[PDB]
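To begin, one chain is listed below as structure tokens, in the form deposited in one PDB entry.
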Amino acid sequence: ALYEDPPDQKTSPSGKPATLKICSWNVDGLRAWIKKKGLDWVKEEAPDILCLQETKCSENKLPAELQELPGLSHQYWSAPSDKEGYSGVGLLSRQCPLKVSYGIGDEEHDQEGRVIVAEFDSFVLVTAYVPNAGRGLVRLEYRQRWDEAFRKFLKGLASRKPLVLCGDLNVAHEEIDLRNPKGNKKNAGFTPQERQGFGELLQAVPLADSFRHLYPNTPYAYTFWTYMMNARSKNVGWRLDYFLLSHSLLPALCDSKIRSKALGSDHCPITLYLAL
């Protein structure tokens, strides 16, 4: 079945206006995405903070267009040292963060280009591109060990400010989160192991899934569709992209959006409105 995201709720449950708009997008090759007009869409969305995953681009190769974003002038980029044509993440912000760091503990030695942490006045933002279990699950055990290291890292953050974790967490948590649950239980993104890891992430940190909090029983809401077999035209998809929030931020949560119509990748953007 097709899906139509409901209108933007820009007011909190207690009536407070949203003050912060965050957009996250796995762009599947930043340079390709820009050629497919992805930045034109970003300009229309006008987020305060933009988080990008799978940039597949070292910072020296960023298109000049990215320098022509006055409203997102503070930009932080990370790419793996070994395999530059893969992974890569970015965080772009209207206001300058207080602190920016990279990775989950040892990036200076294992520069993976998957995680950026930025502290702002009232909250800490983490964006992540979680490692894929791979075709045939050949890297599933590495993904499980990474999941564990990531949980521990997030739990270990020194700041007492609430956390927003966003990005491509590369798992459909529950059956409602993809079109073909039965057929994919032995595929990357929907193994019991990855689902369990997501459940453990939520419990251990702890975090709430902003979209599912607001729309607990809404099916056919996806953020990824394989380029194969015209899957997007049939809305045969997976919800892989999340905004996860500290419990203390739920009163500030206005809406969590899925921007189904925005093209340029095999993922679509997601957008968060907070009243801070």
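Definition used throughout: the rigid core is the maximal C-alpha set that superposes within 1.5 Å between two forms. Numbers follow the displayed sequence, beginning with 1.
One more form of this protein exists, namely the form deposited in another entry; it is left out here, but the text below deals with it.
Student: Once the rigid core is superposed, exactly one of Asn132, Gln111, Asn187, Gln193 has its CA displaced by 2 Å or more between this form and the one not shown; which residue is that?
Tutor: Once the cores are aligned, the residue moving by 2 Å or more is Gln111.
Student: Given that the distance between the C-alpha atoms of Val124 and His109 changes by 3 Å or more in the other entry, do they end up closer or farther than here?
Tutor: The answer is closer, because the C-alphas of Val124 and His109 approach each other in the other entry by 3 Å or more.
Student: Distance change of 3 Å or more between the C-alpha atoms of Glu107 and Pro47 in the other entry: closer or farther compared with this structure?
Tutor: Their C-alpha distance grows by at least 3 Å in the other entry.
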